[PDB]
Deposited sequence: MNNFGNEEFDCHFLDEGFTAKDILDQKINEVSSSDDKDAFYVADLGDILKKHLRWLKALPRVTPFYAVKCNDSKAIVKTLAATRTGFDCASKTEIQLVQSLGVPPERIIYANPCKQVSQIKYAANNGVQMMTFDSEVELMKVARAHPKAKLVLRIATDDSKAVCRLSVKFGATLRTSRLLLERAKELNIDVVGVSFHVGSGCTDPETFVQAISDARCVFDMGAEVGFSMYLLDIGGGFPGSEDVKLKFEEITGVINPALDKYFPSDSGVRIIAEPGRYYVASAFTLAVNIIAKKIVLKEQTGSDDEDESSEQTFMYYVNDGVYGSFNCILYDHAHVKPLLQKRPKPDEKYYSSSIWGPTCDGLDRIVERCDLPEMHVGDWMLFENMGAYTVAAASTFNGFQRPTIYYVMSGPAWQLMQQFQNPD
């Protein structure tokens, strides 16, 4: 099984070199199916970078972003927590050996039966943002530790009037008092700025709002110790607002509003930060059309029903990269890239500039780790691309250092 199969990365070789080698080797007769190269060492590097940048914040990996068993196994060996939204994710995380106290059930609107499953398996900490959720928790998980999720404003969100999650401050006061009535323990506050954040100052505002709700809990007699700053941190360097800028703003705000002497425990729920850049996708040009100055339509063997669903669900913009480095002098033409399916909406790239390519040539898409395979379907019978996991020796030694 390829899920638990890991390949060695030789010294002086990078995931890109491994990808090039695979492409060169299958060039004669093999079927040229799309495939991923996933560098678990990149995930270890991301964890090291997190420990260095946010020393007070325990990372809880958002499983929904990429639920690959290899990823969860590596992060579990790293002693990080896990953010789980459903019974299946809890089963996946526990099957690898993670104890329940390293799991947060961070879905604010949970089906009763899944709250029951969480209670049966010892997962005590859950989020909430509504009174009906308090009713359900009192009925199905009365001894749970609840974290109140508060609303954060995202100005660039598509639907600003209808917000799926998050209590306002005014609603937060009533929720805290109602939880007091039901003898339900509320232990903290969570918020999610989102991956669309353009100014880091929003984090500060969110932290300030969290402090406010913390004070409210003290007024109602609750003991508030848990602060959850959620996710949205970038997973690659190909972004305007980089991880270190965000952390640089976040650390002073944490020190100001939640000093360590208060006893607060600060955690986060990063998903794309850990895995985005670890996965590179290779697709093959399976068909070609020339439209008359000269423009091209290329059809590749992965699409919007597959890995590129992130184009619609995750508002992703994908940049095709040529596997064979192109000499500058050769002419570039206007081109479009399409998926394999018979749907006319299965279009990966509307317009881009590429040299003339041919059927059997390969295209690479970097930073395809996040919200790509996790949401892929088998529409039209096209199977999910095989994922090849690689890890160097030194990276494995680093993982061993973490396991201790």
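Unmodelled segments of the deposited chain, in sequence order: 1-5, 298-310, 423-424.
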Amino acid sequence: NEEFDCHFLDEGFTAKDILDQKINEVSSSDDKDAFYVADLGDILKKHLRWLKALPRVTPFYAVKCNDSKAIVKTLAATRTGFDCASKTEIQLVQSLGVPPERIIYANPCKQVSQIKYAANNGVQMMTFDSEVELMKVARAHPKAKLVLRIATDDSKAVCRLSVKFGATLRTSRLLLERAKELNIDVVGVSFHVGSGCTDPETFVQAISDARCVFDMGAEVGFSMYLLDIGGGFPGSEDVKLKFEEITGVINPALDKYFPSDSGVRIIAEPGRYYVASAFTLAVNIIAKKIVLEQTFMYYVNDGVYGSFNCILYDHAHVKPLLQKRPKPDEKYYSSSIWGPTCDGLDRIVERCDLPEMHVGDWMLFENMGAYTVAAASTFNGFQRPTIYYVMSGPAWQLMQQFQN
From here on, numbers count along this sequence of modelled residues.
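Averaged over their C-alpha atoms, the temperature factors of 270-278 and 242-250 are higher for 242-250.
The PDB entry reports B-factors from which the mean C-alpha value can be compared for 311-319 and 145-153; the larger average falls on 311-319. The PDB entry assigns its highest CA temperature factor, among 187, 126, 197, 75, to 197. For the set 228, 209, 181, 83, the PDB entry assigns the largest Cα B-factor to 181. The PDB entry assigns residue 97 a C-alpha temperature factor belonging to the highest third of its chain's modelled residues. Among all modelled residues in this chain, the alpha-carbon of residue 49 has a temperature factor (C-alpha) in the lowest third. Per the deposited record, the Cα B-factor of residue 162 falls in the highest third when ranked against the other modelled residues of its chain. Looking at the C-alpha B-factors along this chain, the one for residue 395 belongs to the middle third. Placement of the Cα temperature factor of residue 64 within the chain: lowest third of the modelled residues, per the deposited record.
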